[PDB]
Amino acid sequence: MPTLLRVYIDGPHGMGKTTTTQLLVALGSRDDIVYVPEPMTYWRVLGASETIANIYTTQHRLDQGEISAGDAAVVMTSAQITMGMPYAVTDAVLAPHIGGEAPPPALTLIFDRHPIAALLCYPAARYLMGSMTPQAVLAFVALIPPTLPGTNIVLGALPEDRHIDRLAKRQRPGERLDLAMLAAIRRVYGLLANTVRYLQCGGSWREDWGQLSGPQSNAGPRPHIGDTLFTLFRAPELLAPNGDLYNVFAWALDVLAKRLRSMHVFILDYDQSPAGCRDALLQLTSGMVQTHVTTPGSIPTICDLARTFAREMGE
Amino acid sequence: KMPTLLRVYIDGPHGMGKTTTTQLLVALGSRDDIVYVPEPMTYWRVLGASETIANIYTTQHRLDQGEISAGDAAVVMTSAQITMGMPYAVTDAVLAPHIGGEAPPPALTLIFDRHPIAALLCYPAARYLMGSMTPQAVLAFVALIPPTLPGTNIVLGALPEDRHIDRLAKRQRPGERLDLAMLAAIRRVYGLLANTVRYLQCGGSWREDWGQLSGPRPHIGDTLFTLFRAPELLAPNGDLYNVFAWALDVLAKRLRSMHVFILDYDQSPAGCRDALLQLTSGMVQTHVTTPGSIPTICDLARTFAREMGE
Ligand SMILES: C#Cc1cn([C@H]2C[C@H](O)[C@@H](CO)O2)c(=O)[nH]c1=O
Ligand SMILES: C#Cc1cn([C@H]2C[C@H](O)[C@@H](CO)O2)c(=O)[nH]c1=O
């Protein structure tokens, strides 16, 4: 079988991921590498009207005390549903084409973000921002699609000092500069990296749950559970009278563990120039898991889908 | 050769008697080899959020009275459906690794009160018909429907409208409001749902038949696909955006491999149970994947029952 390489570039916004993805794709031949962008058109028009604007305005009105936590929660929750839709449909239609893990790949797909950004990371960060309930975050978690073979996720590293500067220069439509949220999303993705590493080192959250009382992966020692995403869900809403988690929520953490544990995580240093990031990323692709496809004509099919998506939903 | 499992999801519009019927069925067979997974009422009322059902009907009423907008109702409705579906989504997700391929009576029989597509497809779709959910939110939920495992048997109900209205009047959940328009909306969706499975199973291709919505198996105008000829989903030239079209490809994949069975509810509670029992003879069993899958699955079902059933 001809092989496929899927690479998801993810992390907090404002690091330079989108630039890097494009520079990477620009190096390859037209028909052997494809770019799958953020579905901005879906976010802005097709799925709903100006969703990103909605998200930032809602947080702001919560901060100012013009709307309650409950009102913010219903708006955040449905906005996040909108945010994630194109990532979910795409994952669902790619799924039947992916075979076992496996010499240049016949096709490379570079994604701007993985489904877990909209289905886990931003929800979790909004929870920390007090604009979502942890129960709803766990409902998103339980709906995370099965983790396909060869899921390489690249997360970013960037000093908070540089990140804030970089963010303060940016001007994306609908966004408001919010360093509280920036701190939250950076913490959330750091926990994520740690959660994969913890899981891959044999860590079991049920065995470690009692240790709770409040980065990098594919390297280093097993993290403490308090430095993983599990620590977020020791919330009084989720706890039974006896002090343990209600089973329904523990089952969602089991789902979180199953999804994250088979992922191949790499860290990219964004503290450099765009061409630097690009070449740093290129080197990282060397140690990345490829997969087979299930039909010989899966490669063109997958190619059309990626280009159709890019054309329809890219900015 | 691993032991066998029978999964039976009893579904359909509310107010037909689905939850009485099943409780009785869970009395005949040995308490050990059959488990009744009830409606997660405790999650709906307390665990996930405060009185979700009340929240849902009150929102539709307020929109009906023109006290809130289509948009305000939709954001409220969407979040609430997420809450409603959560226990269904976790359960399916933890059960999946345990499901083997298709297959001596079943070592274990699970009877669920509803399947994940109730909260992920049917109710969202009915609320869309009710003007309180956007068709893009619906296809978002569709996009998240877990892949259809082997042996997914769904029992749907049949009941004449007037008789159903009578039962609804006495089977009102806490916070619920009697709404004959939602009743009709939800009955139509489940009607279209049954048609959609047949359409797909008989070889129907939505992309091929799509043009017929604007100009042997049901007509596409009698399937769930007709609902998504909504102007919100369409480009200036009438075409479906690809992202929605793909969500329709997922919907087709998911429903095609479900095994649907119709249970006539227009009879005595005892007769409903008897009918449900003989319906099981045609249902698909699966093996499980590990030796200890059976008692683990049992524990899941019993714990769900204990923690979330009212
Ligand atoms: C994917 C994604 C998401 C992006 N965003 C924001 C981050 C940036 O401000 C902008 C573009 O990535 O949207 C969310 O608020 N939620 C998400 O789920
Ligand atoms: C499952 C389920 C759902 C049930 N319901 C309602 C229908 C009944 O009034 C009550 C219990 O079935 O909840 C929803 O409104 N949405 C759902 O997703």
Side-chain angles (χ1 to χ4, degrees), chain A residues 8 10-15 17-18 37-40 42-44 51-56 58-59 76 79-88 111-126 129 131-132 140 167 170 173-178 181-182 184-185 188 315, chain B residues 9 11-16 19 38-41 43-45 52-57 59-60 77 80-89 112-127 130 132-133 141 168 172-179 182-183 185-186 310:
Chain A
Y8 301 82
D10 215 320
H13 49 282
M15 286 186 311
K17 310 186 310 285
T18 292
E38 290 187 318
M40 263 286 292
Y42 189 84
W43 292 347
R44 296 255 284 167
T51 313
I52 292 178
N54 199 24
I55 285 167
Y56 288 90
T58 300
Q59 188 64 50
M76 280 304 178
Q80 283 297 147
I81 270 293
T82 305
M83 294 305 274
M85 190 279 195
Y87 288 92
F111 295 82
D112 204 322
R113 306 196 175 272
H114 189 267
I116 62 173
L119 298 167
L120 169 69
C121 305
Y122 285 89
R126 289 299 167 182
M129 292 293 98
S131 41
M132 187 172 300
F140 285 103
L167 204 69
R170 304 315 139 173
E175 305 200 4
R176 301 165 184 248
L177 177 65
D178 179 346
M181 182 56 186
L182 184 69
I185 199 60
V188 164
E315 191 180 297
Chain B
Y9 302 83
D11 217 316
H14 49 287
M16 287 188 61
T19 312
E39 275 191 342
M41 191 69 262
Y43 191 88
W44 294 340
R45 280 188 82 183
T52 314
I53 284 175
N55 187 23
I56 289 180
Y57 284 89
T59 303
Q60 184 72 51
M77 220 50 103
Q81 278 305 127
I82 280 169
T83 302
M84 297 296 286
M86 191 272 190
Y88 292 95
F112 298 84
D113 194 335
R114 303 179 174 279
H115 186 271
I117 64 169
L120 290 165
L121 171 56
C122 303
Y123 279 82
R127 288 295 172 192
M130 290 294 289
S132 57
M133 192 176 306
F141 285 123
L168 181 69
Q172 285 199 285
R173 260 43 160 231
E176 182 166 347
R177 306 189 195 211
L178 215 43
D179 187 325
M182 178 69 179
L183 187 54
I186 199 62
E310 92 161 27

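Ligands are counted one by one from 1 in listed order, and the atoms in each one are counted from 1 as well. Every chain is numbered from 1 and lettered A, B, ... according to where its sequence line falls, protein lines coming before strand lines. In what follows, every heavy atom counts, from backbone to side chain, and hydrogens, waters and symmetry copies are set aside.
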A.B. asks: Looking only at non-hydrogen atoms, which of A:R176, A:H13, A:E175 approaches atom 10 (C) of ligand 1 most closely?
C.D. replies: A:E175
A.B. asks: Step by step, work out the side-chain contact (heavy atoms from CB on, under 4.5 Å) result for A:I55 and A:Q80.
C.D. replies: CA-CA 8 Å; A:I55 285 167; A:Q80 283 297 147; 3.9 Å; yes
A.B. asks: I need the atoms of ligand 2 closer than 4.0 Å to a non-hydrogen atom of B:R114, numbered in the order shown.
C.D. replies: 1 (C), 12 (O)
A.B. asks: Taking atom 4 (C) of ligand 1 as the point of reference, which of A:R170, A:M83, A:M181 owns the nearest heavy atom?
C.D. replies: A:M83
A.B. asks: Flag A:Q80 as yes when one of its N or O atoms lies below 3.5 Å from any N or O atom of ligand 1, and as no otherwise.
C.D. replies: yes
A.B. asks: List every atom of ligand 1 that sits less than 4.0 Å from any heavy atom of A:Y56, numbering the atoms from 1 in the order shown and giving each element.
C.D. replies: 7 (C), 8 (C), 9 (O)
A.B. asks: For A:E38 and ligand 1, does the shortest N/O to N/O distance drop below 3.5 Å?
C.D. replies: yes
A.B. asks: Tell me yes or no: between the side chains of B:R177 and B:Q172, is some donor less than 3.5 Å from an acceptor?
C.D. replies: no
A.B. asks: Is the shortest heavy-atom distance from the side chain of A:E175 to the side chain of A:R170 under 4.5 Å?
C.D. replies: no
A.B. asks: Name the option, out of B:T52, B:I82, B:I56, B:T83, that contains the heavy atom nearest to atom 15 (O) of ligand 2.
C.D. replies: B:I56
A.B. asks: Within the structure, is a non-hydrogen atom of B:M41 found at a distance of less than 4.0 Å from ligand 2?
C.D. replies: no
A.B. asks: So do A:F140 and A:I81 actually touch side chain to side chain, heavy atoms under 4.5 Å?
C.D. replies: yes
A.B. asks: Kindly confirm or rule out an N or O of B:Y88 lying under 3.5 angstrom from an N or O of ligand 2.
C.D. replies: no
A.B. asks: For ligand 1, which atoms have a heavy atom of A:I52 less than 4.0 angstrom away?
C.D. replies: 10 (C), 11 (C), 13 (O)
A.B. asks: In ligand 2, which numbered atoms sit nearer than 4.0 Å to a non-hydrogen atom of B:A118?
C.D. replies: 1 (C)
A.B. asks: So which heavy atom on B:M182 is nearest to which on B:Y123, and how close?
C.D. replies: CE-CD2, 3.7 Å
A.B. asks: Using the ring of each side chain (for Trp, its six-membered ring), is A:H13 parallel, tilted or perpendicular to A:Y56, with breaks at 30° and 60°?
C.D. replies: perpendicular
A.B. asks: May I ask you to check whether B:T19 and B:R114 show a side-chain donor-acceptor distance below 3.5 Å?
C.D. replies: no
A.B. asks: Is a side-chain donor or acceptor of B:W44 paired with a backbone partner of B:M84 at a separation under 3.5 angstrom?
C.D. replies: yes
